[PDB]
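Worksheet: the structure to be examined is printed underneath.
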Ligand SMILES: Nc1ncnc2c1ncn2[C@@H]1O[C@H](COP(=O)(O)OP(=O)(O)OP(O)(O)=S)[C@@H](O)[C@H]1O
Ligand SMILES: Nc1ncnc2c1ncn2[C@@H]1O[C@H](COP(=O)(O)OP(=O)(O)O)[C@@H](O)[C@H]1O
Ligand SMILES: [Mg+2]
Ligand SMILES: [Mg+2]
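Protein chains in written order, with full-length UniProt numbering: chain L, 2 to 472; chain P, 81 to 120; chain V, 61 to 188; chain R, 1 to 578; chain Z, 1 to 578.
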């Protein structure tokens, strides 16, 4: 604890691994300092310990290490991070070291970065509606407070722009829910794994423009930074988020800008260990490793704070069946999938609702929360859009001029839907405005075709035209 | 307008001076505590 | 409008960090004066005992040549070899039986190892 | 009691040394914290232990102690209305003892030792008793919890305690041999509880879902599988089964899935009502929750604990429904353990014995005659999570060969927000033939004929869909277009079922039978009109189609009048036009 | 120095025993020939050396000497107008010393040690200097080569050479610390050169090709990828960028490709003219040539040497365009090295860290503020060679996640010889929105509007082409046929560009803007004519169409008059018709 137990005799250095022998006192998962003959000190974590030798994964690159002068010393038996409320306006690298030039955080507590699983009894049901300002999210894939809603995107798709828009536009609607807390805006914990300078600059510029940096905690592991620090970056970010939310009543929104880089680092570590792989070479424990990150969000009974996670990942060949998006969808509570065909049409945000999903949507919508017709309108929109897509597929073969009247009506609905409901640009839409637009689109269809909406709601809202929403 | 900016920077320097003055009171106490804790 | 409160927060954080750095350098200066203390043999013997009990079966003990005579009796009692090295100015280092595992108990090492844990207490004593 | 020390630590795997005499699959105390572990390889003087808790912070040389017993659960009063982890630890006690976070090393009994139960003996001293006999009865939540003899205990009753309040640790019955029988007993989770006989399943497991109860029924003692990609809705269907099934006791196992589902079950179930008892729904439900971020090795333990609890409740004469929320997570846990074991994997990295484990788990269900001579059954509905929806993955294929029912989910239906989203073409059930007499006796003498007519109509629609996608729907003849439209009407009005609707969430057999009869009558009369020269487009706009579509939203008690007036409207709307 | 003997030889990999004390990624002289190798793994008393030269004929027991330094490049005057191998050895000197064949073991200095340079100082005795600060300037080929302090060197200037001609070995500046600073310094190829700050790129990298400079622009500090099958036109595009771009310095890395391409460059570039300086084109170009038949391990070294040289020229304030003619060859070299290491491969046999290496290489680009206070930028255009045109292969997918532009080539266009064969449907650029303020001030205020109109017309043509192909062009409306004809005109007159034509090879922004303005004006006039009963077939016979088609062959200095006359003729061809 107070004395520096120091180990020499490195026996094997290759890639991200480092073998040291006679290291019996190094506990499993402990953090160590690796000092070479130059005197520069690297970082490392024990991933396997035996009576003969201990296996240590190196965070920084192994350049300069030699088996004669390299030395390994223990730091702490458990990987802990010093958290405090003063982090709310600071920037840190992938391993939690400050990079903004300010002095290091004085730690009120030292929490383990791995964290502990939330007791299901201690959890409470997430039911607070968050108005993101996006019609395809608020109406059809509603995001509630404490939800895990990743954004499934591609290479050139504007996932970062959508995330910034959500971060700067997210707000609860206590008036609609009959509440008057008027809670202060979200605290943002931004974790970057292998982010490029372009995306990082865009995010920083957006946060400076919106003034959200004063209440943002930034963990930035850039693309030129060591790849192994991506193992610790989400752990530290979520440790800070959980600490803030569940010890200071903050409403924390967490953005993981690229989980594909995290999965690549995990695959590299697993392949260095000759672990039995899953699909496409990823380690078999990748599901559990991703779960230990995702399941750290939610709302706890008896506590006002909350943690909302919006991870971002890029399906490599726009492949939804890739192991990373598949495991993420199996763990998280839905997904917001971006559409490249919609993006090529100039539609922003390019969110196609058909593969998108929100598992906790029904908890935060309905009478007394947003509006009585919300769920039925969402279902009707989904059915009508699916019908329009099917008619598009049909006219792709049999020709457009051979259709009936209702098929043409469904094609018109799908076209106007994509042009107006999905395509909204950078404007912020209230839930009432989005519902009005959705009803205007649904009015393009005959009253008898709205089988999924109750008669009362149809009588109350059906009739408005698209040209009546805006001049 | 930058009058609010001038007020903010004046407040910042005033708070820095105040926190330094407050820290000057218990500097020796903190040093003694550090020496007591570090020494076996 | 927000840039002003960023300036205020950065100024307060910088002042607090500078105060903590002043505390750290002052305690380092106070700690470096321990060789002139009459109880310096006592404290070096205590820390050498801690290092030896933290490293069972230590082959040799390494310390400053001026610090060497103060530990001769303890080295003879524990049956551990005693060596001198001027590089280690104010600490005691054990070589270990195999020569690979080494334990070091310098005062500066203890200070900059426990500073992270003591920062909260120092801050709460200074202001809190 | 055998001692030992840690030799190697690598994730959830700990290798001990100096453990001669340790037996396979025994429970071990790993480290000074006493973490629960299980021996899975013996190699000379070393023992390979998988730890059911996090191994972070452990050091080489810490003691390892073998309890000498396999993983066992405490079976007795107190399991109902509670939630347990993979090792059968009460999560309420863990919460009140350690806070909002689950800390490792917590020790707490599965059954509360403080609560007192109203003992009502029904055996007398001098009576010879065999394993599985009912010593007495205890009220728990309106259920009559029978105190059973352990399955491997024989003797004659020497003394029996009088009726009154006692704890589960009190020796209520003492035999002439001196053995003391308490209100609870332990049982290894990996050993199936013995039964006198296994009966042929003749009664259906009513799930409350029209498609599952009609087209692909599962018997009371049968086994069903519901695989699908993420977002298809298998968890929602399993929750609906837990809410609406006619099983006496429901055992829900959250094997390696989202904890918010367990939270939703914990919060919403107490506010619901038992469909048969009338009390709270949670009073008949036992939860074994092992969330995704909980230790991997605990998933298999949770599955076996759930199946053992289901078997125990079956031994009391109850009809038990067991839902494993995901068996693919158990397979992944086995794969990770094998990867730590450094053994040669089977296809897709799973250990070779995965199929054997799945078969052993699924074959513990069935309608049986208990050791006490009573009747009981266990129904297992296991969900599967194939990677990327690939049904060819080993877990799904191995499940195909052992289950009697297969409720395949389609991602295309889920995308259209059409639920339960059961892929009719890819689904099947082997219990249809055996359940026909029950349907005739309890639903209608012509129910199998209507079900077969519906199935034939769906088959005809499927066989016309290729022509539809080849030349379009308008290119078909009036009869074929009528068949297509009747299939669409069936899909929209009978197969479709909103689990969140206040009325459509549940549907009895009578309501489904009435809807099927209405659809068949409408189809026959529409075909007669088609032969009569009536065009299909005015048939598709008849007012009675609204009645047919809205029939599923009518309440159960109001339904029969609606059904008879709908039949009258169906016959009138075709006879009157002529 | 640490020295040992060879223990094992297996392809390009040599294991040397007795290397206790050797550091990772240090340069080692393997064998009596002194072959250059790099340590990539340490184990006990042995080291794993990756040899950058041919290992045939080596024997076990030959000495291995570790230099104690990583792979470093000499950065200074003399690199321009030259060609280097993978490890920065002048191929001209190698030819002069060995002949027409490249033999292993040749030791030659990267910079000529005998050439005199007109040194002129800028610092004075007593001045304070830091890393990246300019000491003085040296004329090389009209370029002002600034002598930079090494990034890690800091001190106070004591002595400065007055003036005159000195070799690169002469110490021009001596600090008070005793450090001697020469005209050159060594920098490790694997460490990115530090910068003061990174700026958002807001100036287009004018490649000279219409489609790349208009539809998918790349900024000055941006990164672009151009993958495609063989024969698609990657090398031609790279050479066109080298010849016609507005970069101050061009660095071309021939990683594992044909030698004939390097010969073509070395022959043609001296005869060409620099578009900016006006001197010989080769004076601004640096070639790092590692042909496919050269040692495979040297490809990675060539890539790193090229990127480090580009960064060094950036640090002097120049705008550098770096082209990696094929990064797939570097990926294959990494795969071979990993195979020798017996590491566990990722998908398709590549090492799991290939994505990390590609990200590190591509992140070294960007517009930055140099340590000397000057502004510089590095543009990286990396070509990828997916097997069989499969864009799903790991290298292309890893490159896609980092680069800001994606210039996808199509084999179908190359077979028809529609060049540059950029697939505008699958291509994208993330710099289009950032460059709009520059376009509105430097080419035209309505240039983004015209570009968007052209892109929309292309999208409409692509959408209607499927219908035309499936049904037939005679079944479409007149307006749809006009859209198809305008799309064809765009494809064959504006997107197409002959790189071997003496005029069409380079196209300024003004010329492309004029061409697309003429196309849009013709489209509007044809729409107006069709809306007033004019037949489309009459429109297609206008000679104005031929004028527009041949507009792209008009020289830059003649172009404005041709544009004015063609606009007048566009108006007249429909006003005279009335
Ligand atoms: N822009 C262009 N203009 C005219 N001809 C072109 C153009 N691009 C390609 N070509 C022709 O296509 C041939 C092949 O082009 P390359 O650039 O060599 O293809 P490549 O894909 O770069 O080579 P590999 O095999 O993939 S390394 C050239 O020799 C030209 O004849
Ligand atoms: N029968 C149903 N009725 C209504 N919604 C359903 C039904 N089945 C599934 N869903 C919807 O499907 C979505 C995902 O369901 P869920 O079961 O949680 O996913 P998964 O089964 O893959 O774990 C939710 O939005 C839920 O409302
Ligand atoms: Mg689920
Ligand atoms: Mg080429």
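Built from N, CA and C at the ideal position, the CB exists for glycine as well.
Residue i classed as buried or exposed, judged by whether at least 16 other C-beta atoms fall within 10 angstroms
i                     : result
residue 501 (chain R) : exposed
residue 185 (chain R) : buried
residue 471 (chain L) : exposed
residue 105 (chain P) : exposed
residue 142 (chain R) : exposed
residue 42 (chain Z)  : buried
residue 559 (chain R) : buried
residue 539 (chain Z) : buried
residue 364 (chain R) : buried
Contact test: residue i Cβ vs ligand 2 heavy atom, cutoff 7 Å
i                     : result
residue 252 (chain R) : no
residue 237 (chain R) : yes
residue 148 (chain R) : no
residue 358 (chain L) : yes
residue 391 (chain R) : no
residue 141 (chain L) : no
residue 363 (chain L) : yes
Any non-hydrogen atom of ligand 1 closer than 7 Å to residue i Cβ
i                     : result
residue 498 (chain Z) : yes
residue 419 (chain Z) : yes
residue 232 (chain Z) : yes
residue 217 (chain L) : no
residue 228 (chain Z) : yes
Residue i: CB within 7 Å of a non-hydrogen atom of ligand 3
i                     : result
residue 258 (chain R) : yes
residue 268 (chain R) : no
residue 261 (chain R) : yes
### Query
Under a criterion of Cβ closer than 5 Å to any non-hydrogen atom of ligand 4, which residues qualify, in chain order?
Counting every residue whose Cβ lies closer than 5 Å to a heavy atom of ligand 4, we get Z:234, Z:235.
### Message
For the segment 145–163 of chain V, list every residue whose C-beta sits within 7 Å of some C-beta in chain L, in sequence order.
### Response
158, 160, 161, 162, 163
### Task
Can you give me, in chain order, the residues of the segment 381–394 of chain Z that have a beta carbon less than 9 Å from any beta carbon in chain L?
391, 392, 394
#### Entry: Residues in the segment 56–72 of chain Z having any Cβ partner in chain L nearer than 7 Å
70
#### Entry: Contact list for the segment 9–35 of chain L against chain V, Cβ threshold 9 Å
9, 10, 21, 22, 23, 24, 25, 26
### Sequence ranges, alpha helix (DSSP H) only - wholly within the segment 132–173 of chain R, length at least 4
Fully enclosed alpha helix (DSSP H) runs of 4 or longer: not present.
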